[PDB]
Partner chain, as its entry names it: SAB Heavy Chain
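Before any questions on binding or motion, here is one chain by itself as structure tokens, the form deposited without the partner chain.
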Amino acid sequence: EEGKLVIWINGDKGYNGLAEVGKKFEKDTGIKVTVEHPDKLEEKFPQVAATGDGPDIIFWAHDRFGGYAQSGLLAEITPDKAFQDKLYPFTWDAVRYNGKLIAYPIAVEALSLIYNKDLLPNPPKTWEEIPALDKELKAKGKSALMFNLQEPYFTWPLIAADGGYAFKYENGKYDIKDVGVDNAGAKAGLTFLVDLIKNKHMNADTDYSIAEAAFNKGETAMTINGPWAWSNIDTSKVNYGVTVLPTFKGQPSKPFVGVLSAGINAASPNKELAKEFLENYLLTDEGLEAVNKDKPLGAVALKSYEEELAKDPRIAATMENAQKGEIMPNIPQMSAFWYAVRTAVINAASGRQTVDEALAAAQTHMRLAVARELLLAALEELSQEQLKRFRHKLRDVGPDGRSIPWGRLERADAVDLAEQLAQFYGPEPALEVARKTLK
């Protein structure tokens, strides 16, 4: 373990180029660096890192690093402001969890507008032009745009364009009490999407497979997709371009941003060697180039090498849409976001719910789920004697002069108390009831 670096990276990345970086790192310092790509390493890491047996460095999308950092499995990195300013500022937000930097950002991915140059040499700059564009291409048997409408990941760029957001991100922190899925911007975006469906410009049943097949066979002029899809379009011999997403009401589309990141194992005995390898060997032009020409990293976080990589207009498009988009939040509450919004968009796209009631319902679910988590957290942090006095002060408590029924109140733990109080008072007023009970 000591005096040696073990790096875990997914097998679909340029791990041989990373090994070349480790080889230059060895001949400069004498420290051996071995790169491995275990199967389902993102699931093996949380069990072998706390156990004491895993890698020193793990490369993965920043979304899973939030769960890792919640378990204390990632060490807090210490790059000075000089090294931080060498990377794009927004990429640093993707590797922050409860204020602490937990990883180095490596590469950046985001949705972009993919268009067929033979069908559409000049793609539209606004969503507003799409209806008139579709009516023209429909005369030739084509359609303007097809993309996956079944997953909020793909429809959120339009919904967030005019002001929708999952949780407010300010001062390097997410405010889980500021949910923006039912504000006026999200309504305007979803209304425009539904209007496209009603006016037959889109079909509510289009999924990822149908959209990809239709674009790669020249049937539609545009699709919305990421770099993972480029290889299939390369096979299809479609003459395609990758460009900035259309604006809506003058505001850019805001796709979710994924940041491939390098985290240092908290149980590693080579944190200093890892930091030296990542800052001075990997995150340089030479190291990124060695990795990228093995398998392309896409848009990278290192400014100097991203200018060189942006000579490919497709990578420039990815980075541009990334800078205009929003970092994918790495907090656990996003589980309520994905469930709620996926239902709302599908129901609104079908006409089972209006846009207003679909977004309202999604807003309530996320809000009530957060409130129940906050009620439990407030009750679980009480000491055993605080909990004891809380239990006894809880007797005779109940709405309408009827005390809440408990099986054995004097031994009801936090989970029982929180769930039962939430059912009788709502999750938010149960918290004020819990506080007033003590005082």
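Positions refer to the first chain, counted from 1.
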{"item": "Stretch with the higher entry mean CA B-factor, where the candidates are 129 to 137 and 73 to 81", "value": "73 to 81"}
{"item": "169 to 177 or 256 to 264, whichever carries the higher mean Cα B-factor", "value": "169 to 177"}
{"item": "From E151, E219, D312, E326, residue of greatest CA B-factor", "value": "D312"}
{"item": "Residue of maximum C-alpha B factor among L394, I57, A61, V370, per deposited coordinates", "value": "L394"}
{"item": "Third of chain Cα B-factors occupied by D234", "value": "highest"}
{"item": "Chain-relative CA temperature factor third for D207", "value": "lowest"}
{"item": "Ranked C-alpha temperature factor of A422 among modelled chain residues, by third", "value": "lowest"}
{"item": "Third of the chain, ranked by Cα B-factor, where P124 sits", "value": "middle"}
{"item": "Ranked against its chain, the third holding the CA B-factor of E320", "value": "lowest"}
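Not on display, but discussed next: the form deposited with the partner chain bound.
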| item | value |
| --- | --- |
| Residues of 319 to 334 having any heavy atom within 4.5 Å of the partner chain in the deposited complex, listed in sequence order | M319, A322, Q323, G325, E326, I327, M328, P329, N330 |
| Residue pair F248, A322: same rigid group between this form and the one not shown | yes |
| CA-CA separation of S231 and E20, closer or farther in the deposited complex than in the form shown [shift of 3 angstroms or more] | closer |
| Shift in CA distance, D182 and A322, in the deposited complex relative to the form shown here, given it is 3 Å or more | closer |
